[PDB]
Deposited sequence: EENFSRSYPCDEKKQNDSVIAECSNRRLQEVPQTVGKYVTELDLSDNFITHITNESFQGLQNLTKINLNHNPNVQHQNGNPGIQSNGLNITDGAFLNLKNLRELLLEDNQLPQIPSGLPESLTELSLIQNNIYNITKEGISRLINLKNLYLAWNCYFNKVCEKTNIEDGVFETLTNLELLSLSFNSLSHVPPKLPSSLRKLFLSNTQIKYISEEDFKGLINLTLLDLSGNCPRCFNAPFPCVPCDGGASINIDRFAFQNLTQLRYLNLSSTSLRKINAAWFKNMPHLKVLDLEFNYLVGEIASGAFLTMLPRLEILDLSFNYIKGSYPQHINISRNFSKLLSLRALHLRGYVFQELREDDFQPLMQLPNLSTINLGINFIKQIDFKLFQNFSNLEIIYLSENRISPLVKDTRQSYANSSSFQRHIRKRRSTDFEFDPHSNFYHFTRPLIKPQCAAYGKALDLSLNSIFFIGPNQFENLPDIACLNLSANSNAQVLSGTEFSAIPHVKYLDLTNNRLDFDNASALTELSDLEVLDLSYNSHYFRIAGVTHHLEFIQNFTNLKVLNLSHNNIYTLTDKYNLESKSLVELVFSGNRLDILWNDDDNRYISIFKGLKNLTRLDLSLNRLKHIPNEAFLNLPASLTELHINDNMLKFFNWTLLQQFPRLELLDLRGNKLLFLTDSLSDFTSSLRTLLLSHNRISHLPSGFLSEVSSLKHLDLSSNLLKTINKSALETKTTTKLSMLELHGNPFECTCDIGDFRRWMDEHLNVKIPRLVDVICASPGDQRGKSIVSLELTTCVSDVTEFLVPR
């Protein structure tokens, strides 16, 4: 079996996953058919022409974050004739390594100490397509200004992407190759853009000039503005040859005025980022908006005027000219109320599907305005002040998060409205009156402490996914949420406020009324007592998440009231009982779990005992997760209790003995995780079979193995059953005797 890497086929490639393994040097045991070697996050200090000798099939090597700087000799990689991608990020490299192979098409030197880009380093790398040199000198790091040798990129006639962001450049480098498609120059101290800087870049599709003359008020990083907080100075004809431009990033360039003619020669500009500028005036007038008919994304976030909290947002009539617009981001403009008249220019846009108004301190909204859009799909109003109606990831965006605004699982149902992190503490009878038909509603974190009673959502009765997490909801009415006839997903996580009070009444009977409820999450509610109806019932429910409650109290051996709590969930296939402080489950309570279960999690409890015999009543159980408990032993007759179990997770328990014949006849078991237990040895008889079984993954890392001659049988078993993958062999370590301690058992 391969050691120390884990090999995986990925289409026309074989990846040797060898990261985060405490490797002091590159292993001389890499498979000859391995094409991509990931050695990131190890303690490798030196690379020589011997490091990867003979490994001619390598097309990619990742040495990022080594040593967790990296010493690379001249020509160390030269003999690898098929090497195309070399990642050397976060290696404290003082220079571009010398004698790199001419076959390289991608070279990443992000987050190093390289302040000189020389012809000796890269002129010979004529096949380079992508070159990343970002984040070598920035913020208050002690570093030198970047010297770019004149014409250093000129011979790179196939270069398509060049990134020099987060380096002190002062000027755009001259003599850039005309093959460039993407040029990143963010946070480079380039205060002036001349008409010659991008002269020959006729195939450019992306230009990033963000963070040059930055807007520094309240910056979450060391920020140095241009003299007098002045804007980036762009010559009138700087972009005249950028006819193929699709992406233009001018975020944090302290822009107050936008010359509409800068877009005259950009007939296909698609995404324009103007976040962190001073464009409230331009948003209200904006002649440049008339020069962007094929723009799809416009980001004008955080353009607020410090000290100004106006009553309304002032959107120019010229926003109506953005006929291709699909997403408009207007976070941090800052205004008190959003009225129908204020968004009239956006209502004629036929494909505007996302509107992001997060972080504007909005207090009130005429919700009826959202009925007058053609294809509005995401209405993102999270993090405002709406009340009841009367360190830096170099591979991500620096000015905004890139995750979906609304969870794709919620947004997939239809029109999505996100009102999370607001103050809609009480939903009165007219709160949702003039809203369009909403399918996905997020009301998380609104300080809502009301008793929902079946009428609050009557104006939007087709909500399919409702997120009410992180409120103080008082479940005190059996008719709660029943007006949502089509509800499929309901998230009530983190509403423990009233559940934790014994003396108040608690009612969860409403769950039974839903004909189409599939997923219900009651996590972290501290549920320990219910009033009158002790059971959850539903003919439709498929998944119930009950983690972070108190089944230790509900199933106390002196109380029989909750022994059938989940029995009525007749269609349930997934059940999560993690984090319920369970020391034991009464046998009658385990037997009352739905017989339809396919996946049962009881991880992260304090289980001292598990009655394996009871698996005879779960003929469809495929996954049993008992990780993070205090189980002391395993049954020797699992094969007699189940013919369906496929995955059994027992990591982080106190099992010190694997019984003889444990797996001999459990044919269905594919994955067994016994990692982080107290196994000192494994006898041959515990893993051997006399029949063909489906075991293909066995985890044993973190056990305190005794590496005397008594471990030989387990080692011989590993050699004789190569189809059973054992991951993390570097962590399947000897705890004793002293001479073997720390060494991997495979040696």
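Within the chain's deposited sequence, the coordinate-free stretches run 1-5, 74-86, 409-433, 791-807 in sequence order.
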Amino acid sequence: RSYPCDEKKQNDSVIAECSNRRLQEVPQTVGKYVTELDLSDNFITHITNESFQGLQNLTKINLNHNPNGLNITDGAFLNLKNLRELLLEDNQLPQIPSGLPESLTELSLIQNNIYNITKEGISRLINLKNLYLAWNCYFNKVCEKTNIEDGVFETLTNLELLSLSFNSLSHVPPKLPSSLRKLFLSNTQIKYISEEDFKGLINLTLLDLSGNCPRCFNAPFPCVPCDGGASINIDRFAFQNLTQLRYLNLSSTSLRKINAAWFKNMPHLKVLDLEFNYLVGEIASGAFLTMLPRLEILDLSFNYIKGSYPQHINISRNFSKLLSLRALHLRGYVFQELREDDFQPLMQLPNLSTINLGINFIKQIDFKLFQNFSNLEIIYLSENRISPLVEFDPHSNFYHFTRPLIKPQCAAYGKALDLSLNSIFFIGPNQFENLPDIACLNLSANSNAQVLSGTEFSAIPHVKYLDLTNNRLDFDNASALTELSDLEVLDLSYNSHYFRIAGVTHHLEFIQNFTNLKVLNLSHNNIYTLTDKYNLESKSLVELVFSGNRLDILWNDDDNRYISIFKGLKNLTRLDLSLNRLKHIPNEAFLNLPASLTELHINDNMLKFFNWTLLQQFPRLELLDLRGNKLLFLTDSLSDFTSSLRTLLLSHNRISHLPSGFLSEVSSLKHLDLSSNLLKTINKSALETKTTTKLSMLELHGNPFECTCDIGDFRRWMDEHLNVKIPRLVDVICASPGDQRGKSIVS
From here on, numbers count along this sequence of modelled residues.
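Note that the rigid core is defined as the largest set of C-alphas that superpose within 1.5 Å between two forms.
In summary, of the stretches 195-203 and 217-225, 217-225 shows the greater Cα distance from the shown form in 9 other deposited structures of this protein, with structures fitted on the rigid core.
Here the rigid core sets the fit, and in 9 other deposited structures of this protein the C-alphas of 491-499 stray farther than those of the other stretch, out of 491-499 and 364-372. Looking at the other PDB entries for this protein, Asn11 is absent from the model in a third or more of those that include the residues around it. Among the other PDB entries of this protein that were compared and that flank it with modelled residues, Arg715 is modelled in all, so it is never left out in a third of them.
Mean C-alpha B-factor is higher over 280-288 than over the other stretch, the pair under comparison being 493-501 and 280-288. Of the two segments, 428-436 and 157-165, the one listed with the higher mean B-factor is 428-436 (C-alpha atoms only). Residue-level inspection of the entry shows that, of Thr531, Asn187, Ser123, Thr598, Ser123 has the top Cα B-factor. Highest CA B-factor among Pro594, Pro404, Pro214, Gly332, as stated in the entry: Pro404. Per the PDB record, residue ranking by Cα B-factor puts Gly358 in the lowest third of the chain.
Ranked by C-alpha B-factor against the other modelled residues of its chain, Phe77 falls in the highest third. When the modelled residues of the chain are ordered by their C-alpha B factor, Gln95 lands in the highest third. Ranked by C-alpha B-factor against the other modelled residues of its chain, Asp341 falls in the highest third.
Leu634: CA B factor lies in the highest third for its chain, per the PDB record.
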